[PDB]
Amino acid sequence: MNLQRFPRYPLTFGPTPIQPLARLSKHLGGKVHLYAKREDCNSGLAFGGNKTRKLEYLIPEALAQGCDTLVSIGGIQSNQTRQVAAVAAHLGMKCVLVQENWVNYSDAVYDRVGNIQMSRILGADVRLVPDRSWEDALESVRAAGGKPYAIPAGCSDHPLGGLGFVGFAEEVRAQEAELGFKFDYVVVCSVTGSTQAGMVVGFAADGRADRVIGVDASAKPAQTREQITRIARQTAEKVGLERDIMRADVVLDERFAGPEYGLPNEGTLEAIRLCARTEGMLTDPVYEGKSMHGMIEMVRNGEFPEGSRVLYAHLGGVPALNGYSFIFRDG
């Protein structure tokens, strides 16, 4: 296949480093070698993260089409909108964000710290629903004579949204080369879908598509899984996957998404603390903390073949921790 056919606008530092999680792994019995690829450290634009990798392939079309405003949407503590706001500012574009109440969480500063605080500082017009927002948004832009580039939730349901992470697999291969070995697995957090989509496609190439263990954080596994499966197939087409994406290539564990999207369970919190305390690597209570929780449990349940080398994709999400201050008041 050839991803190179599509331009890629530089929004990151370059390939993302892979680090070993020796302590955590040892702490879990050293039967599985845990690593982490730091998408959460990929950019100077308000901490970047997975979405910013996706955005590298969307911005050319946006620029190509002469759009002057980037418009997107997500929950109050959405990492996506924050990155869009930063990318927009860096690209000299306006930005309109529609933030809705996607989480049944009521915290005094939920709408004033973390991701959303940055978006406002970055100059985005941050529109908070009551309590069609999307179309009003696009229109107000047109109305103001601007031209909006619509970026759907997480950049996922878009023709280009699966690309970024195809190249992710492509990166892991280059690093594996210098590494003298290939990872047996890839643990990734899944919600809107195009991150795991790209990976499924990217690793399908060398037949590891089913080695990408997605961990659902949506709490709506069915939809999420179907969106990954769907987004993959389409992306595979878009790149030239000399193979087809089977409903067996899309893996999605559903044991760690509870209780609801945006709410952590006690395993989520323990996982965040375990990992932060052994590696000095933080994960959040909405996304990464759930995928981390997933891996620690998989490992702990011997679900991973001794000697296995698992690559944990850390997608970002850390700033959202500020929206859950009470839970971590004593750590």
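In this text, rigid core is short for the largest set of C-alphas that superpose within 1.5 Å between two forms. Start at 1 with the first residue shown and count on from there.
Between 90 to 98 and 241 to 249, the larger mean CA deviation from the shown form in 5 other deposited structures of this protein, after core superposition, belongs to 241 to 249. Compared with other deposited structures of the same protein, residue 210 does not meet the criterion of being unmodelled in at least one third, since all of those that resolve residues on both sides include it. For residue 131, the fraction of other compared entries lacking coordinates, among those that model flanking residues, reaches at least a third. According to the entry, the deposited sequence places 4 to 9 unmodelled residues between residue 131 and residue 132.
Annotation for 277 to 285 versus 298 to 306: the higher mean temperature factor (C-alpha) is found in 298 to 306. For the pair 110 to 118 and 219 to 227, the mean B factor over Cα atoms is greater in 219 to 227. Residue set 96, 236, 103, 87: peak C-alpha B-factor at 236 (per PDB entry). When all modelled residues of the chain are sorted by CA temperature factor, residue 71 is found within the lowest third.
Residue 178: CA B factor lies in the highest third for its chain, per the PDB record. In the deposited entry, the Cα temperature factor of residue 170 sits in the middle third of values across the chain's modelled residues. Sort the chain's modelled residues by C-alpha temperature factor and residue 126 lands in the lowest third, per the entry. Residue 208: CA B factor lies in the highest third for its chain, per the PDB record.
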